[PDB]
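Consider the single chain below, provided in structure tokens and representing the form deposited in one PDB entry.
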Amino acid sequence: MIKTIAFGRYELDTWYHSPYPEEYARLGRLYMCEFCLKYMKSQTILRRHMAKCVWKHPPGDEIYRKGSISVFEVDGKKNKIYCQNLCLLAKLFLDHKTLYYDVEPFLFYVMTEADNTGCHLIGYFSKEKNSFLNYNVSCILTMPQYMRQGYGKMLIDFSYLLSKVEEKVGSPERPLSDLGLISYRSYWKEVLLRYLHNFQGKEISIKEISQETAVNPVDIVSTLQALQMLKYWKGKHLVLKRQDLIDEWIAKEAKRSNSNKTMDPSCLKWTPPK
């Protein structure tokens, strides 16, 4: 059974089982091309593949570019093999992913960091081309070697940027995992406190906040509740602009600017597909 993966210069311990063919699954280690995501049995077979493989980045269209950070839009119908390999790779670190074969109804947004050898996988999120429940993310993953550096929140922010340009309100697919929920709550906290910091008016509706942020009204209310900013005072519902929360937020978003871990809306070059 697969315990480790060789991925570029990294050796990654796998967390959950992924349904690779038994010919590959019975081996202890899998070697993968870091650009095309094809999986191989040995270091020797990988070396020979890397000499021949023409891919230095994901397929599809580069829709975001800020220096070394890119996002590629990959259509599951146009690049089926790449997207299946990506889903099999994702399933090694995602427990609850249940889709690896029929990738045709999905778009995959693949974030990369460039160096002099090519554009290296940071993480991704998948998205239904047409979601009945208006889900703007299906699954989301930061690769283990990049985790806890701010890239997950960049991916989340990017998913809402797409929703903003589409003139839609979005939400992640249910159910949300433990780590997913922690990440989304941090993001929703940031966006809400940003809005209220910049808003000068005397009142605001949840719908107005939802329209500007592309965040679902239920998620806004949930976040308002989590921050204890919804109060009651003689008959009416009231948004409490908490002192301590906005102070710490400015200190936090100073650090966010310093480390460059932000998605810049002006660096998106995108019109919705089809």
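Here, rigid core means the biggest group of C-alpha atoms that superpose within 1.5 Å across both forms. Numbers follow the displayed sequence, beginning with 1.
Asker: Quick check: 246 to 254 versus 13 to 21, which has the larger average CA B-factor in the record?
Answerer: The deposited B-factors put 246 to 254 ahead on the C-alpha mean.
Asker: Between 33 to 41 and 228 to 236, name whichever shows the higher mean Cα B factor according to the PDB entry.
Answerer: Looking at the record's C-alpha B-factors, the answer is 228 to 236.
Asker: According to the deposited entry, which of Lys164, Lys97, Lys189, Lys153 has the largest Cα B-factor?
Answerer: Comparing C-alpha B-factors across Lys164, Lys97, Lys189, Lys153, the top value belongs to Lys97.
Asker: Please pick out which of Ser159, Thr112, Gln200, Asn85 has the largest Cα B-factor as recorded in the entry.
Answerer: Answer for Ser159, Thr112, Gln200, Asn85: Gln200, with the highest C-alpha B-factor.
Asker: Compared with the other modelled residues in the chain, in which third is the CA B-factor of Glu173?
Answerer: Ranked within chain, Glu173 CA B lands in the middle tercile.
Asker: Which third of the chain holds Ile63 when residues are ordered by C-alpha B factor: lowest, middle or highest?
Answerer: Answer is lowest: the recorded C-alpha B-factor places it there.
Asker: For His57, does the deposited CA B-factor place it in the lowest, middle or highest third of the chain?
Answerer: It belongs to the lowest third of the chain when residues are ordered by C-alpha B-factor.
Asker: Looking at the C-alpha B-factor of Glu128, is it in the lowest, middle or highest third of its chain?
Answerer: As the PDB entry reports it, the C-alpha B-factor of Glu128 lands in the middle third of its chain.
Asker: Going by the recorded CA B-factors, say which third of the chain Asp75 sits in, lowest, middle or highest.
Answerer: Its C-alpha B-factor belongs to the middle third of this chain's values.
Beyond what is shown, the protein has a form deposited in another entry; the following relates to that form.
Asker: With the two forms fitted on the rigid core, I'd like to know which residue in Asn134, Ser186, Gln149, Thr117 is displaced by 2 angstroms or more at its CA between this form and the one not shown.
Answerer: Flagged residue: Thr117.
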